[PDB]
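Protein sequence lines, in the order shown, are assigned to chains B and A. All letters in the first sequence, in the order written, are residues 3 to 64, 73 to 126, 129 to 200 by PDB author numbering. All letters in the second sequence, in the order written, are residues 3 to 65, 70 to 121, 128 to 199 by PDB author numbering. Reviewing the structure listed below.
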Amino acid sequence: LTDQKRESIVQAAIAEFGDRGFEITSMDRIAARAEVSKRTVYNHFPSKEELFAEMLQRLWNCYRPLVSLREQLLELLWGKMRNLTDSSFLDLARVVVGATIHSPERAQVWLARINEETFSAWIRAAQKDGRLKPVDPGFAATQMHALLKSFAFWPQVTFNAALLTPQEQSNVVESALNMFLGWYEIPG
Amino acid sequence: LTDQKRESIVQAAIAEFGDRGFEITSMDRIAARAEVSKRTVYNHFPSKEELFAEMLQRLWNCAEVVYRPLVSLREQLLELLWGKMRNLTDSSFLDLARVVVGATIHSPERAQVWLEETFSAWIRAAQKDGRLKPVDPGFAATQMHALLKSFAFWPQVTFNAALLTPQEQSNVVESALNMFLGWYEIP
């Protein structure tokens, strides 16, 4: 159960920022298409900053004893792939990237907020159990993420590429897995 | 009376685009930085879209590269990665790369028209030579780039993250190499 009127306003924000661009889009233009009163808009978000803050949070927001690393890591990779293959997520991603790319102040809120995650937590756990090779958990997670995002995120965000078909999806997951564990696994 | 002028207006546009982005930069803003009339710009680049095209040409101009059967895969592939990382760690290149990335997200219509190959041909040659497992070269090239771009392209271009340090640059190059050949190489 989430709040459907918040979502209404967020949705219109995405659409409008997608249409007009972020900085030229006003709270009343948003309200006009949320089909809401300027008033109920300010209640939820007192400013575009506070609204941008919420969109950001939403964005990059999306280890077991001995079941095989493979089995459990397959499952992780699928979780992240199912999230990437959501067009409402790609949309938000697009407007957020679009809003930060040529905006220094917005870049510095991105980058202060990307200094405080799942793949990382696991790699560190897998390492303590002596099943993965010593490396900075964050260094390893980035590669992990890159092996998926390079097919299922960036093309879509930058070029409006199609979603991956399921065949394509497991294809990319599978080689990511194979490549990743290939290099990092200490075999037990 | 136009030798200077073309280049001067392409330099203008590169500086202005690099600073505020492709979309928000308008023609007589470029005309101003280039110190020429708006029509003077408008008859060199008949449209803003001819600017974007030229922006690509430039980006491309920063890009051996042929496959050598007689030496290690690692030698030649370290060389490719490092050539690719040398552009990645070049601020002019990232700026130019940023305008281009920004211009296609901001425009569904030009992204749609405007879709690396160096690596994919090196891969298919290596596969012919029996040294890499069968894989779509395109797909494996994408993965190779992702291992560099994730550290040294996307952060910098989408949120002006700091360039990688020399140490960091040569760790992501080593690691990509190891990761890639670990899985793909037929030794």
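Heads up, the beta-carbon is just placed ideally off N, CA and C, and yes, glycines get one too.
- Along the region 152–163 of chain A, the positions whose C-beta sits under 8 Å from a C-beta of chain B are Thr154, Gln155, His157, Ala158, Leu159, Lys161, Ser162 and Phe163, read in chain order.
- With a cutoff of 8 Å on beta-carbon distance, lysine 40 of chain B and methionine 29 of chain B are scored as near each other.
- In summary, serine 113 of chain B is buried, with 16 or more beta-carbon neighbours lying within 10 Å of its beta-carbon over all protein chains present.
- DSSP, read as helix, strand or coil, puts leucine 176 of chain B in coil.
- Cα atoms of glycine 20 of chain B and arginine 104 of chain B: separation of roughly 8 Å, rounded to the nearest angstrom.
- Think of a sphere of 7 Å around the beta carbon of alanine 17 of chain A: no beta carbon from chain B falls inside it, the nearest being about 14 Å out.
- Listed by position along chain A, the residues whose Cβ is nearer than 7 Å to that of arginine 8 of chain B form an empty set, because the closest Cβ is around 25 Å away.
- The beta-carbon of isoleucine 11 of chain B is placed no less than 8 Å from the nearest beta-carbon of chain A.
- A Cβ-Cβ distance of about 14 Å is found for the pair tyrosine 196 of chain B and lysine 140 of chain B, leaving them out of contact under the 8 Å criterion.
- Neighbours of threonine 110 of chain B in chain A, taken as residues at a C-beta separation under 8 Å, are given in chain order as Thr170 and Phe171.
- Here the C-alpha atom of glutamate 129 of chain A lies approximately 18 Å from the C-alpha atom of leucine 79 of chain A.
- In the same chain as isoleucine 11 of chain A, and ignoring 5 residues on each side of it, the C-beta atoms closer than 8 Å to its own belong to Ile32, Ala33, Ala36, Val38, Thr42, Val43, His46 and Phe47, in chain order.
- Per DSSP, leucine 79 of chain A has no beta bridge partner at all.
- For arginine 143 of chain A, no CB of chain B lies under 8 Å from its own CB, so it is not counted at the interface with that chain.
- In this structure, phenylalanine 131 of chain A places its C-beta atom within 8 Å of the C-beta atom of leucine 86 of chain A.
- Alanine 117 of chain B reaches chain A at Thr170, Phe171, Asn172 and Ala173, counting residues in chain order whose Cβ is nearer than 9 Å.
- Put simply, the backbone Cα of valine 77 of chain B is about 12 Å away from that of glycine 200 of chain B.
- Under the DSSP assignment, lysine 7 of chain B falls in the alpha helix (DSSP H) whose first and last residues are 6–21.
- Under the three-state reduction of DSSP, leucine 144 of chain B is assigned to strand.
- When DSSP states are grouped into helix, strand and coil, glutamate 56 of chain A belongs to the helix group.
- Taking the C-beta atoms as reference points, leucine 84 of chain B is found nearer than 8 Å to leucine 189 of chain B.
- For a Cβ distance threshold of 8 Å, residue set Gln155, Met191, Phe192, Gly194 and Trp195 of chain B lies close to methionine 191 of chain A, ordered along the chain.
- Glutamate 186 of chain A sits in a helix when the DSSP states are folded into three classes.
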